[PDB]
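Heads up, run12.pdb below (PDB, C-alpha atoms):
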```
ATOM      1  CA  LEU A   1     136.880  66.451  78.337  1.00  0.00           C
ATOM      2  CA  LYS A   2     135.329  67.970  81.482  1.00  0.00           C
ATOM      3  CA  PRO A   3     134.163  71.536  81.100  1.00  0.00           C
ATOM      4  CA  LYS A   4     137.003  73.743  82.402  1.00  0.00           C
ATOM      5  CA  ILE A   5     134.971  76.981  82.514  1.00  0.00           C
ATOM      6  CA  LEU A   6     137.168  80.066  83.058  1.00  0.00           C
ATOM      7  CA  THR A   7     134.836  82.970  82.130  1.00  0.00           C
ATOM      8  CA  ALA A   8     135.230  85.224  85.190  1.00  0.00           C
ATOM      9  CA  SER A   9     132.210  87.322  84.148  1.00  0.00           C
ATOM     10  CA  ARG A  10     131.497  89.521  87.190  1.00  0.00           C
ATOM     11  CA  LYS A  11     128.620  91.803  86.210  1.00  0.00           C
ATOM     12  CA  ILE A  12     127.107  93.229  83.004  1.00  0.00           C
ATOM     13  CA  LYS A  13     126.165  96.933  82.935  1.00  0.00           C
ATOM     14  CA  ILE A  14     123.656  97.077  80.059  1.00  0.00           C
ATOM     15  CA  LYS A  15     121.644 100.217  79.212  1.00  0.00           C
ATOM     16  CA  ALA A  16     117.886  99.518  79.182  1.00  0.00           C
ATOM     17  CA  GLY A  17     116.697  99.214  75.584  1.00  0.00           C
ATOM     18  CA  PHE A  18     120.109  98.305  74.102  1.00  0.00           C
ATOM     19  CA  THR A  19     122.243  95.426  72.776  1.00  0.00           C
ATOM     20  CA  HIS A  20     124.831  93.528  74.880  1.00  0.00           C
ATOM     21  CA  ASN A  21     127.400  90.859  73.906  1.00  0.00           C
ATOM     22  CA  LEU A  22     127.985  88.329  76.711  1.00  0.00           C
ATOM     23  CA  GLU A  23     130.999  85.993  76.289  1.00  0.00           C
ATOM     24  CA  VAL A  24     132.156  82.840  78.156  1.00  0.00           C
ATOM     25  CA  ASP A  25     134.572  79.902  77.688  1.00  0.00           C
ATOM     26  CA  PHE A  26     134.966  76.362  79.090  1.00  0.00           C
ATOM     27  CA  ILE A  27     136.855  73.238  77.926  1.00  0.00           C
ATOM     28  CA  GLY A  28     134.019  70.686  77.708  1.00  0.00           C
ATOM     29  CA  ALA A  29     133.502  67.742  75.319  1.00  0.00           C
ATOM     30  CA  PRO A  30     132.944  65.815  73.354  1.00  0.00           C
ATOM     31  CA  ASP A  31     129.661  67.682  73.905  1.00  0.00           C
ATOM     32  CA  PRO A  32     129.035  69.651  77.107  1.00  0.00           C
ATOM     33  CA  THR A  33     125.688  71.282  77.972  1.00  0.00           C
ATOM     34  CA  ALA A  34     125.807  74.955  79.025  1.00  0.00           C
ATOM     35  CA  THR A  35     122.459  76.312  80.257  1.00  0.00           C
ATOM     36  CA  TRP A  36     122.242  80.133  80.181  1.00  0.00           C
ATOM     37  CA  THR A  37     119.871  80.928  83.069  1.00  0.00           C
ATOM     38  CA  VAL A  38     119.002  84.354  84.451  1.00  0.00           C
ATOM     39  CA  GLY A  39     119.600  83.308  88.072  1.00  0.00           C
ATOM     40  CA  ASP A  40     115.987  82.909  89.248  1.00  0.00           C
ATOM     41  CA  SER A  41     114.966  79.330  90.098  1.00  0.00           C
ATOM     42  CA  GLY A  42     116.404  77.833  86.890  1.00  0.00           C
ATOM     43  CA  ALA A  43     115.158  80.987  85.134  1.00  0.00           C
ATOM     44  CA  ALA A  44     116.326  81.109  81.507  1.00  0.00           C
ATOM     45  CA  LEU A  45     117.302  84.290  79.641  1.00  0.00           C
ATOM     46  CA  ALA A  46     116.407  83.130  76.121  1.00  0.00           C
ATOM     47  CA  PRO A  47     113.082  84.949  75.607  1.00  0.00           C
ATOM     48  CA  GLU A  48     114.681  88.075  77.101  1.00  0.00           C
ATOM     49  CA  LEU A  49     117.557  88.238  74.590  1.00  0.00           C
ATOM     50  CA  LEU A  50     119.617  86.091  72.195  1.00  0.00           C
ATOM     51  CA  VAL A  51     122.012  83.298  73.240  1.00  0.00           C
ATOM     52  CA  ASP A  52     124.724  81.195  71.543  1.00  0.00           C
ATOM     53  CA  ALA A  53     127.065  78.518  72.928  1.00  0.00           C
ATOM     54  CA  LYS A  54     129.891  76.186  71.819  1.00  0.00           C
ATOM     55  CA  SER A  55     131.144  72.857  73.245  1.00  0.00           C
ATOM     56  CA  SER A  56     134.401  74.391  74.579  1.00  0.00           C
ATOM     57  CA  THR A  57     132.931  77.846  75.268  1.00  0.00           C
ATOM     58  CA  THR A  58     129.787  79.945  74.860  1.00  0.00           C
ATOM     59  CA  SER A  59     128.531  83.509  74.457  1.00  0.00           C
ATOM     60  CA  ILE A  60     125.079  85.015  74.502  1.00  0.00           C
ATOM     61  CA  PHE A  61     123.453  88.133  73.089  1.00  0.00           C
ATOM     62  CA  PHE A  62     121.270  90.902  74.573  1.00  0.00           C
ATOM     63  CA  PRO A  63     120.339  92.918  71.459  1.00  0.00           C
ATOM     64  CA  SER A  64     116.925  93.198  73.096  1.00  0.00           C
ATOM     65  CA  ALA A  65     118.076  94.185  76.607  1.00  0.00           C
ATOM     66  CA  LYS A  66     115.500  96.125  78.631  1.00  0.00           C
ATOM     67  CA  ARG A  67     115.122  97.305  82.246  1.00  0.00           C
ATOM     68  CA  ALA A  68     113.640  93.928  83.254  1.00  0.00           C
ATOM     69  CA  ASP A  69     116.858  92.351  81.905  1.00  0.00           C
ATOM     70  CA  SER A  70     118.361  93.294  85.292  1.00  0.00           C
ATOM     71  CA  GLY A  71     118.845  89.798  86.760  1.00  0.00           C
ATOM     72  CA  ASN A  72     121.512  87.249  87.742  1.00  0.00           C
ATOM     73  CA  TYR A  73     122.625  85.552  84.519  1.00  0.00           C
ATOM     74  CA  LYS A  74     123.814  82.262  86.022  1.00  0.00           C
ATOM     75  CA  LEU A  75     125.210  79.787  83.487  1.00  0.00           C
ATOM     76  CA  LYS A  76     126.170  76.143  84.139  1.00  0.00           C
ATOM     77  CA  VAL A  77     128.108  73.942  81.690  1.00  0.00           C
ATOM     78  CA  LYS A  78     128.679  70.219  82.311  1.00  0.00           C
ATOM     79  CA  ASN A  79     129.788  67.151  80.324  1.00  0.00           C
ATOM     80  CA  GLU A  80     129.203  63.500  81.296  1.00  0.00           C
ATOM     81  CA  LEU A  81     130.833  63.744  84.756  1.00  0.00           C
ATOM     82  CA  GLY A  82     132.671  67.080  84.494  1.00  0.00           C
ATOM     83  CA  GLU A  83     130.826  70.219  85.652  1.00  0.00           C
ATOM     84  CA  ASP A  84     131.495  73.978  85.804  1.00  0.00           C
ATOM     85  CA  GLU A  85     129.503  77.195  86.333  1.00  0.00           C
ATOM     86  CA  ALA A  86     129.986  80.925  85.704  1.00  0.00           C
ATOM     87  CA  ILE A  87     128.063  83.664  87.552  1.00  0.00           C
ATOM     88  CA  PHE A  88     127.027  86.706  85.481  1.00  0.00           C
ATOM     89  CA  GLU A  89     125.311  89.521  87.413  1.00  0.00           C
ATOM     90  CA  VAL A  90     123.507  91.458  84.670  1.00  0.00           C
ATOM     91  CA  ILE A  91     121.999  94.875  85.421  1.00  0.00           C
ATOM     92  CA  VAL A  92     120.020  97.195  83.142  1.00  0.00           C
ATOM     93  CA  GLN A  93     119.564 100.962  83.532  1.00  0.00           C
TER      94      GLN A  93
END
```
Serialized structure, structure tokens:
Amino acid sequence: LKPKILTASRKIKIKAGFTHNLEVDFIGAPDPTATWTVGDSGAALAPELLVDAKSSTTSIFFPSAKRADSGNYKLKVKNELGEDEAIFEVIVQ
């Protein structure tokens, strides 16, 4: 079950000081690992918002989005030998 990620996710126009709802999907199993990074040297976007993820998909939250949230939300999901990645350019104004 290698992680067929399809989330196209291009960008994410979020208003500074607001809540966003990021979504993604990928066929991985029996237990893939999808890291939700903010594109910045392995940067992670956990402490800058909320994040959730499922074995065959994933979606993360930005109920605490702020101006600094403007970054490159890069996510990578793999599984044993399968691997996939979705680029999410997130901006905040």
Nearest residue to residue 86 in chain A from the set A:19, A:59, A:41, A:70 (distances using all atoms listed in the file):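 The closest residue to residue 86 in chain A is A:59.
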Distance criterion (all atoms listed in the file): nearest to residue 32 in chain A out of A:65, A:5, A:45, A:87: A:5
Residue list as a VMD selection string for point (128.6, 74.7, 76.5), cut-off 10 Å, all atoms listed in the file: chain A and resid 3 5 24 to 29 31 to 36 52 to 59 75 to 79 84
Six-sided padding of 6 Å per side, axis-aligned box over range 24-41 of chain A, centre and edges in Å, one decimal, as JSON:
```
{"center_x": 125.9, "center_y": 75.1, "center_z": 81.7, "size_x": 33.9, "size_y": 30.5, "size_z": 28.7}
```
Output check: residues returned by the PyMOL selection byres ((chain A and resi 90) around 7), as a list in words: residues 11, 12, 13, 70, 71, 72, 73, 88, 89, 91 and 92 of chain A
Distance criterion (only C-alpha atoms): nearest to residue 21 in chain A out of A:68, A:93, A:83, A:50: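 Among the listed residues, the smallest separation from residue 21 in chain A belongs to A:50.
CA of residue 1 in chain A is positioned 29.4 Å from CA of residue 49 in chain A.
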Between CA of residue 80 in chain A and CA of residue 10 in chain A - distance in Å to one decimal: 26.8 Å
Atomic separation - CA of residue 37 in chain A relative to CA of residue 82 in chain A, Å: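 So the answer is 18.9 Å.
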Which of A:74, A:15, A:20, A:66 sits closest to residue 44 in chain A [using all atoms listed in the file]: A:74
Residue among A:48, A:22, A:7, A:30 lying closest to residue 67 in chain A, counting only C-alpha atoms: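 Closest to residue 67 in chain A, using only C-alpha atoms: A:48.
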Output as an mmCIF file, in the coordinates of the input: range 60-88 of chain A, completed with N, CA and C atoms.
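Final output, saved to rebuild.cif:
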```
data_model
loop_
_atom_site.group_PDB
_atom_site.id
_atom_site.type_symbol
_atom_site.label_atom_id
_atom_site.label_comp_id
_atom_site.auth_asym_id
_atom_site.auth_seq_id
_atom_site.Cartn_x
_atom_site.Cartn_y
_atom_site.Cartn_z
ATOM 1 N N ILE A 60 126.503 84.763 74.784
ATOM 2 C CA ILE A 60 125.079 85.015 74.502
ATOM 3 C C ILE A 60 124.839 86.485 74.192
ATOM 4 N N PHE A 61 123.744 86.753 73.546
ATOM 5 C CA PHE A 61 123.453 88.133 73.089
ATOM 6 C C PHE A 61 122.317 88.805 73.857
ATOM 7 N N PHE A 62 122.351 90.118 73.904
ATOM 8 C CA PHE A 62 121.270 90.902 74.573
ATOM 9 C C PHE A 62 120.882 92.086 73.677
ATOM 10 N N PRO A 63 120.716 91.852 72.401
ATOM 11 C CA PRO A 63 120.339 92.918 71.459
ATOM 12 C C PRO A 63 118.958 93.455 71.813
ATOM 13 N N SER A 64 118.268 92.748 72.650
ATOM 14 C CA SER A 64 116.925 93.198 73.096
ATOM 15 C C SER A 64 116.961 93.396 74.614
ATOM 16 N N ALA A 65 118.007 93.991 75.137
ATOM 17 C CA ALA A 65 118.076 94.185 76.607
ATOM 18 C C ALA A 65 117.135 95.306 77.019
ATOM 19 N N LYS A 66 116.454 95.105 78.113
ATOM 20 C CA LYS A 66 115.500 96.125 78.631
ATOM 21 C C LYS A 66 115.712 96.279 80.138
ATOM 22 N N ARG A 67 114.950 97.121 80.776
ATOM 23 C CA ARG A 67 115.122 97.305 82.246
ATOM 24 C C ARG A 67 114.919 95.966 82.961
ATOM 25 N N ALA A 68 113.906 95.232 82.591
ATOM 26 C CA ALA A 68 113.640 93.928 83.254
ATOM 27 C C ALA A 68 114.828 92.979 83.068
ATOM 28 N N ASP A 69 115.689 93.253 82.126
ATOM 29 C CA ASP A 69 116.858 92.351 81.905
ATOM 30 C C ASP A 69 117.756 92.354 83.145
ATOM 31 N N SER A 70 117.517 93.248 84.064
ATOM 32 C CA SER A 70 118.361 93.294 85.292
ATOM 33 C C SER A 70 118.138 92.020 86.108
ATOM 34 N N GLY A 71 119.017 91.062 85.989
ATOM 35 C CA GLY A 71 118.845 89.798 86.760
ATOM 36 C C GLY A 71 120.210 89.157 87.021
ATOM 37 N N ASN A 72 120.217 87.931 87.472
ATOM 38 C CA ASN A 72 121.512 87.249 87.742
ATOM 39 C C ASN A 72 121.736 86.184 86.673
ATOM 40 N N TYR A 73 122.385 86.538 85.602
ATOM 41 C CA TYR A 73 122.625 85.552 84.519
ATOM 42 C C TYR A 73 123.551 84.446 85.014
ATOM 43 N N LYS A 74 122.984 83.392 85.532
ATOM 44 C CA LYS A 74 123.814 82.262 86.022
ATOM 45 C C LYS A 74 123.893 81.205 84.924
ATOM 46 N N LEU A 75 125.075 80.806 84.560
ATOM 47 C CA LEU A 75 125.210 79.787 83.487
ATOM 48 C C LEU A 75 125.905 78.550 84.059
ATOM 49 N N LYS A 76 125.521 77.383 83.618
ATOM 50 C CA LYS A 76 126.170 76.143 84.139
ATOM 51 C C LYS A 76 126.508 75.217 82.972
ATOM 52 N N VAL A 77 127.751 74.846 82.820
ATOM 53 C CA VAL A 77 128.108 73.942 81.690
ATOM 54 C C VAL A 77 128.690 72.640 82.236
ATOM 55 N N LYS A 78 128.166 71.526 81.808
ATOM 56 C CA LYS A 78 128.679 70.219 82.311
ATOM 57 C C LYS A 78 129.043 69.311 81.136
ATOM 58 N N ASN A 79 129.421 68.094 81.417
ATOM 59 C CA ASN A 79 129.788 67.151 80.324
ATOM 60 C C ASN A 79 130.007 65.754 80.906
ATOM 61 N N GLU A 80 129.050 64.882 80.760
ATOM 62 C CA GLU A 80 129.203 63.500 81.296
ATOM 63 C C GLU A 80 129.393 63.547 82.817
ATOM 64 N N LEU A 81 130.605 63.700 83.282
ATOM 65 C CA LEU A 81 130.833 63.744 84.756
ATOM 66 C C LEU A 81 131.478 65.075 85.143
ATOM 67 N N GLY A 82 132.028 65.769 84.191
ATOM 68 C CA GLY A 82 132.671 67.080 84.494
ATOM 69 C C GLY A 82 131.588 68.144 84.672
ATOM 70 N N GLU A 83 131.855 69.161 85.446
ATOM 71 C CA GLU A 83 130.826 70.219 85.652
ATOM 72 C C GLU A 83 131.501 71.556 85.975
ATOM 73 N N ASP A 84 130.919 72.635 85.529
ATOM 74 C CA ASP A 84 131.495 73.978 85.804
ATOM 75 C C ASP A 84 130.361 75.005 85.792
ATOM 76 N N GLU A 85 130.592 76.179 86.311
ATOM 77 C CA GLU A 85 129.503 77.195 86.333
ATOM 78 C C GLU A 85 130.092 78.604 86.388
ATOM 79 N N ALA A 86 129.489 79.524 85.692
ATOM 80 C CA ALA A 86 129.986 80.925 85.704
ATOM 81 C C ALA A 86 128.852 81.847 86.159
ATOM 82 N N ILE A 87 129.130 82.745 87.063
ATOM 83 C CA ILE A 87 128.063 83.664 87.552
ATOM 84 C C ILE A 87 128.133 84.983 86.780
ATOM 85 N N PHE A 88 127.027 85.426 86.245
ATOM 86 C CA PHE A 88 127.027 86.706 85.481
ATOM 87 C C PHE A 88 125.951 87.638 86.046
#
```
